[PDB]
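Q: Following this message is one structure expressed as structure tokens.
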Amino acid sequence: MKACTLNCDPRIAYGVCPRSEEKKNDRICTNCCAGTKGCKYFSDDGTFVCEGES
């Protein structure tokens, strides 16, 4: 659960979590290693990165 730098990770585009809508195509500023519990962070080029873990 080692929360990395909250900054934008070049591989990471967007992510979903328990109760988190938003379209699955938006390269916002976020990261997986930072992320949150039970989340799922994916890239925008159609390639999943990894699941968050706060």
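In the structure tokens, chains take letters A, B, ... by order of appearance, with residues numbered from 1 within each chain and ligands from 1 in the order shown.
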Please provide as a tab-separated table (two decimals) with N, CA, C and O atoms, in the first residue's frame all residues within 8 Å of segment 31-33 of chain A, with the sequence filter that same-chain residues fewer than 3 positions apart are discarded (counting only C-alpha atoms).
A:
chain	number	residue	atom	x	y	z
A	1	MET	N	0.85	-1.23	0.00
A	1	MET	CA	0.00	0.00	0.00
A	1	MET	C	0.88	1.27	0.00
A	1	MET	O	0.43	2.33	0.38
A	2	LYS	N	2.10	1.10	-0.44
A	2	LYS	CA	3.07	2.23	-0.50
A	2	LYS	C	2.63	3.27	-1.54
A	2	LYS	O	2.90	3.14	-2.72
A	3	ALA	N	1.95	4.27	-1.04
A	3	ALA	CA	1.44	5.37	-1.88
A	3	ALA	C	2.56	6.19	-2.56
A	3	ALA	O	3.21	6.99	-1.91
A	4	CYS	N	2.76	5.96	-3.83
A	4	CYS	CA	3.81	6.71	-4.59
A	4	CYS	C	3.38	8.18	-4.75
A	4	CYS	O	2.35	8.59	-4.25
A	5	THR	N	4.20	8.93	-5.44
A	5	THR	CA	3.94	10.36	-5.68
A	5	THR	C	2.59	10.49	-6.40
A	5	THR	O	2.37	9.92	-7.45
A	6	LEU	N	1.75	11.24	-5.76
A	6	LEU	CA	0.36	11.52	-6.26
A	6	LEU	C	0.35	12.08	-7.70
A	6	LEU	O	-0.68	12.11	-8.34
A	7	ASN	N	1.51	12.51	-8.14
A	7	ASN	CA	1.68	13.08	-9.50
A	7	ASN	C	1.22	12.14	-10.62
A	7	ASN	O	0.94	10.97	-10.40
A	8	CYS	N	1.18	12.70	-11.79
A	8	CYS	CA	0.75	11.94	-13.00
A	8	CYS	C	1.84	10.96	-13.45
A	8	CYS	O	2.98	11.34	-13.62
A	9	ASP	N	1.44	9.72	-13.63
A	9	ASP	CA	2.40	8.67	-14.07
A	9	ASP	C	2.18	8.48	-15.59
A	9	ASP	O	1.06	8.21	-15.99
A	12	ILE	N	0.01	5.83	-16.69
A	12	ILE	CA	-1.37	5.98	-16.13
A	12	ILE	C	-2.14	7.10	-16.83
A	12	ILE	O	-1.64	8.19	-17.03
A	15	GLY	N	-8.37	5.99	-13.89
A	15	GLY	CA	-8.57	4.84	-12.98
A	15	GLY	C	-9.98	4.85	-12.41
A	15	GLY	O	-10.61	5.88	-12.31
A	36	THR	N	-5.46	4.20	-4.81
A	36	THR	CA	-6.31	4.02	-3.60
A	36	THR	C	-6.67	2.53	-3.52
A	36	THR	O	-6.31	1.75	-4.37
A	40	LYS	N	-8.39	0.54	-10.07
A	40	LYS	CA	-7.84	-0.07	-11.32
A	40	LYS	C	-7.44	1.07	-12.27
A	40	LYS	O	-8.28	1.71	-12.86
A	41	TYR	N	-6.15	1.27	-12.38
A	41	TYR	CA	-5.59	2.33	-13.25
A	41	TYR	C	-5.06	1.77	-14.58
A	41	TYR	O	-4.26	0.85	-14.63
A	49	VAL	N	-2.70	-0.60	-16.64
A	49	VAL	CA	-1.38	-0.45	-15.95
A	49	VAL	C	-1.48	-1.35	-14.71
A	49	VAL	O	-0.93	-2.43	-14.75
A	50	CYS	N	-2.16	-0.92	-13.68
A	50	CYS	CA	-2.26	-1.80	-12.47
A	50	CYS	C	-3.34	-1.29	-11.54
A	50	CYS	O	-3.90	-0.25	-11.78
A	51	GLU	N	-3.58	-2.04	-10.49
A	51	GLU	CA	-4.61	-1.64	-9.50
A	51	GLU	C	-4.03	-0.83	-8.35
A	51	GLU	O	-2.98	-1.14	-7.82
A	52	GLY	N	-4.77	0.20	-8.01
A	52	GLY	CA	-4.37	1.12	-6.91
A	52	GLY	C	-4.23	0.36	-5.59
A	52	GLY	O	-4.58	-0.80	-5.48
A	53	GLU	N	-3.73	1.06	-4.60
A	53	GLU	CA	-3.54	0.45	-3.25
A	53	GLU	C	-3.28	1.52	-2.18
A	53	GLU	O	-2.61	1.23	-1.21
A	54	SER	N	-3.81	2.70	-2.38
A	54	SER	CA	-3.62	3.83	-1.40
A	54	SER	C	-2.17	3.87	-0.83
A	54	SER	O	-2.01	4.01	0.37
Q: So the first atom is atom CA of residue 18 of chain A and the second is atom CA of residue 45 of chain A; what is the distance between them in Å, to one decimal place?
A: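 We find that atom CA of residue 18 of chain A and atom CA of residue 45 of chain A lie 23.1 Å from each other.
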Q: Rounded to one decimal place, report the atom CA of residue 29 of chain A-atom CA of residue 10 of chain A distance in Å.
A: 8.8 Å
Q: So which bits of chain A end up strand (DSSP E or B) when you DSSP the backbone, as a list in words?
A: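 Those residues are residues 14, 15, 16, 40, 41, 42, 48, 49 and 50 of chain A.
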Q: Find the spatial neighbours of residue 27 of chain A, counting only C-alpha atoms, within a cut-off of 8 Å - ignore same-chain residues fewer than 3 positions away - and output them as number ranges by chain.
A: A: 12-14, 43-44
